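Form deposited in one PDB entry, single chain, as C-alpha cells, below.
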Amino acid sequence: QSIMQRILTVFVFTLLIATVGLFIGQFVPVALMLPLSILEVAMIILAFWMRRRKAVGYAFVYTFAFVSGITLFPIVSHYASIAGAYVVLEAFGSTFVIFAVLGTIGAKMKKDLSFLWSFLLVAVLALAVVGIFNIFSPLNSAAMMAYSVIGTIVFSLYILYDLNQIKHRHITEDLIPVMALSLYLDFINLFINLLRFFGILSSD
C-alpha cells in the first residue's frame, strides 16, 4: 500500500531474481570468468554510480539483479573453497540480521540522518580507490581483513541511512525502482565484505 512497502516488495524480488542468477552462475567456465579483484570492486563502483543515476525503470533493476547474481558466484565459490562452505552461511546470516535490525531502526527512528550523505560518499570513494589499487598490487591478508571490516561498517551505515531517508524524505512513486536498487547494492556489498572477512579469518 505505502511507498516504503512497495520499495521493500521490489527489494525482495531482486533478492529472489539474484538467487536464481547465483544458481545459474555456477555453470560459468573458468575461461569466461573475470578476476576476483575486478568483480569485488565493480560492485562498490556500481553502488556509487547507481545512487546518482536519474530515471531508473523496473526492467533495469530486475535485469541488473539477475546479471549481478551470476557475477556473484565466482566470489562465493572462492571464499567457500579457501575456508569451507560454512563462511557463506555465516556471511549471509550476519547480513540478514544486520539488515533486519538496522533497516527496522532506520525506518522508525525519529532522528533524521540526512547529514551523513557526505560522510558515506567519501567512504565509498576510499573503498573504491583501495579496491582498484588491489587489482594491480594485491593487498595482503591483514590489509584485506582491515578493508573488509571497514566496508562492513560503511555498507551497514548505508542501510540505516537508506531506510531512514525513505521515511524522512518525500519519495515519489517514480523513485521506487532506484531506491530498491540501492537497497539491493547495499545488501550485496555488505555480503561480499562479511564473506571476505570470515573467509580470510578462517583461511589461516
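We number the residues from 1 along the sequence you see. Residues that one form lacks are left out of the comparison. Take the two forms, find the largest set of C-alpha atoms that superpose within 1.5 Å, and that set is the rigid core.
The same protein has a further form, the form deposited in another entry, not shown here; the description that follows concerns it.
Aligning the rigid core between the shown form and the other one and inspecting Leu157, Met145, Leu39, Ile176, the C-alpha positions shift by 2 Å or more at one residue, which is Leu39. Residue displacement note: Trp49 has its CA displaced by at least 2 Å between the shown form and the other one (rigid core superposed).
Shown here is a form in which the CA atoms of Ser37 and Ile70 lie at least 3 Å farther apart than they do in that other deposited form. Pairwise change in that other deposited form: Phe64 and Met43 C-alpha atoms lie closer than in the shown form, at least 3 Å. Core superposition between the shown form and the other one reveals a single run of 3 or more residues with every CA shifted by 2 angstroms or more: 28-54.
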